[PDB]
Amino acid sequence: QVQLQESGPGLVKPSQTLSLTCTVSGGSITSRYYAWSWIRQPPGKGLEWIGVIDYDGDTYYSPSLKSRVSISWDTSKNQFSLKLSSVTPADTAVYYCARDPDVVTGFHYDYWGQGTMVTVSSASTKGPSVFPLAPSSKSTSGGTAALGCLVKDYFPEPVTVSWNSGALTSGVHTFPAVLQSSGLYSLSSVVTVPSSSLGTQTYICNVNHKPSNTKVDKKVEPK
């Protein structure tokens, strides 16, 4: 029902500002006794509270962040946004959007957003090079093969790989990206298919890298 989706750039440089926007649906953002907040979790560290905006419209922020946080909202568009200034890489995190079901009863967030990755660097973007990984089963189950896509050299996280425009979901394994010595990321996606489908089925991997605007569809046919 109440569903939250964060919008935001994936790459931002030190002097820039963070215009992160959250969209609420399945519930009014000005109703009952609801509070809306921002929470960021840097790479492998813990959750951090940024600030709240209540259904009445006044806001509160973390005292450490207070100086550069100017939360705002749009009731007509069922939105609320966060604004961060003077950004340094300490602001690199997965930024979250969350709801408080009551406010006359207390803190807790029931509903959350999937999060959006924000990375601060100087550090131009690079679109991924997509290569096809043709099948063979010398290490697989008889009848099953293994194909996939090599998403090489891209900055930064993340990239999303889907098969046949989301029509193929089963047996799909997308591997966590490797941060190379070069500073770029590289990942592979694998789908275990029955060998009988190689002379039959067309396999297309849909690679999407939102920061560099990259959207590549690669047909993975046997060699």
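We number the residues from 1 along the sequence you see.
Higher average CA B factor: 137-145, of the stretches 137-145 and 104-112.
As recorded in the PDB entry, 192-200 is the stretch of 192-200 and 43-51 with the greater mean C-alpha temperature factor. Ranking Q180, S70, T174, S37 by Cα temperature factor from the entry places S70 first. When all modelled residues of the chain are sorted by CA temperature factor, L65 is found within the highest third.
Looking at the C-alpha B-factors along this chain, the one for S186 belongs to the lowest third. Sorting the modelled residues of the chain by their CA temperature factor places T23 in the lowest third. Residue-level temperature factors show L150 in the middle third of its chain, judged at the C-alpha atom.
Among all modelled residues in its chain, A123 ranks in the middle third by Cα B-factor.
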